[PDB]
Amino acid sequence: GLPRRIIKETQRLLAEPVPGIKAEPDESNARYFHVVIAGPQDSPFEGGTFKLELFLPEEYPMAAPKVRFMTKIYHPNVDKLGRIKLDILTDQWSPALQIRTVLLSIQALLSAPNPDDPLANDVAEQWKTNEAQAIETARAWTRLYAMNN
Amino acid sequence: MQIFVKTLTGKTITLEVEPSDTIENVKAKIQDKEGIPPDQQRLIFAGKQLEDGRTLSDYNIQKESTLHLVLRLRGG
Amino acid sequence: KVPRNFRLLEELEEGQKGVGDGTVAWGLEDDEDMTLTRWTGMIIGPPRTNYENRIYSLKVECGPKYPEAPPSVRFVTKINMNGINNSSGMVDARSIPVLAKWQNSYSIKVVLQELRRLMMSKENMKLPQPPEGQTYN
Amino acid sequence: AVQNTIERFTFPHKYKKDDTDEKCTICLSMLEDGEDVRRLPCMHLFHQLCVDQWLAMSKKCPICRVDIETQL
Ligand SMILES: [Zn+2]
Ligand SMILES: [Zn+2]
């Protein structure tokens, strides 16, 4: 079986889910999590349901969870393939952080886009240049990609 | 005109500039003093980044002002 | 047991870095395909063979079971080689040991290198080839 | 060796105990009486095995990110 840590995090995630976040292990791989983040209220993504996958690499928790959007989203820190620029996923990882905190941080990222530390440079420039329009695009994309999906 | 540029080490050089000198001119004169290609240089004065085409005086840089040289990254 | 999508993103990074002398290369066919299904491959025909210096373009498809199941490979560039269909370019899995006996530790890189290795075999090495540049339809 | 630096700047010892408890943030088990623990300069506490894995790769406490070499 698994490290007891992974069993404990999983029991606690299933028994006490993060609000706005569905997260459950794969029937056949307890290290793989099917995730759905609801677009935050008062964000361009409101009404959206965003699919995400999370994977615990064999070195976890000494290595960060791998996470990616599987739903297309217009956001300065998410690229075309759904990869996520978030400091705790890379150089600010600590093994005292949990899946719960990775999930909360991504949710919070949706509510608080960071164009100044871009992954998606086009989206970021548009977020700086013309925020209003960048927000309306994010809205349209929510409707296009993140509704009945 | 005389200005100090300061790296993260705390090494400070000194340059002969003019207030009508553009950022490119400096970056070029940091290069011939330190050997750093201009496309690797990011100069900062009082919190704000200093873009290439522009001039010294635009950012209100005056005699014995201190600029901060850090590396110009690919983007993160 | 291997999560497909994360496996493919590692193959994309390695793809963009390039490996060795650059005799094999691969990347996404569409850089917005979040399924990471459709890939391109290049192989440079190896020396001391009729393939030598020719640039072969290939399509590689990593289906939903990848890498538990092997990918499908097709040559776009016309080639005479054991196990390549002459009207479609499709590669017969049975004829390529890596694909015939696929392991979930294999990759697009491994497939491409193996095809290049097979170009040097006694059966293929002196096969007459069609003119350079030509493709199937 | 990275391990000489760990011993230099931290305090390894055996845990003293016996509902107002202390857990290891790395493995999520209670620190139990007799277990080998390591306290860092920031005063944070871990199972020695657990945090020794991390401090091989990093010089920073998992909880507060304070470098184990830090002074003043
Ligand atoms: Zn522990
Ligand atoms: Zn600490």
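- The record names X-ray crystallography as the way this model was obtained, at a resolution of 2.1 Å.

- Naming follows the PDB entry, where chain D appears as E3 ubiquitin-protein ligase ARK2C of Homo sapiens.

- According to the UniProt record, the Subunit comment for chain C reads "Heterodimer with UBE2N. Binds CHFR."

**Section: the coordination of the zinc ion (ligand 2)**
Residues and elements named next belong to chain D.
- Those donors, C42 (SG), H44 (ND1), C61 (SG) and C64 (SG), are the protein atoms that reach the zinc ion (ligand 2), and they lie 2.0 to 2.3 Å from it.
- Its four donor atoms give the zinc ion (ligand 2) angles of 104 to 115° at the centre, a pattern that matches the tetrahedral case.
- Take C61: its relative accessible area is 2%, and that puts it in the buried class.

**Overview of the packing of aromatic side chains**
Residue and element names in this part refer to chain C.
- Under the definition given, this model contains eleven aromatic pairs over all chains.
- For the pair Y51 and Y56, a centre-to-centre distance of 6.3 Å together with 75° between the ring planes defines the contact as edge-to-face.
- Taking the relative accessible area as the measure of exposure, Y51 reaches 0% and is therefore buried.
- When its relative accessible area of 1% is taken as the criterion, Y56 is described as buried.
- Consider the rings of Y56 and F75, whose centres lie 6.1 Å apart with planes at 80°: the pair is edge-to-face. One end of the pair, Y56, is in strand β3 (residues 55-61); the other, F75, is in strand β4 (residues 72-75), and 19 residues separate them in sequence.

The rules behind the values
- Residues numbered from 1 in each chain as written, not as in the entry; some residues may be left out.
- Chains lettered and ligands numbered in written order.
- Heavy atoms only, no water.
- UniProt positions renumbered as here; feature names shortened; annotations may be inferred.
- Donors = N, O, S within 2.8 Å, 3.2 Å for Na, K, Ca; no water.
- Tetrahedral: all angles 85-135°; square planar, octahedral: opposite > 155°, others 65-115°.
- Buried < 20%, exposed > 50% of the residue type's maximum accessible area, 1.4 Å probe, protein only.
- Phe/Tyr/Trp six-rings, centres within 6.5 Å; stacked < 30°, edge-to-face > 60°.
- Helix = DSSP H or I, 4+ residues; strand = E, 2+ residues; numbered from the N terminus.

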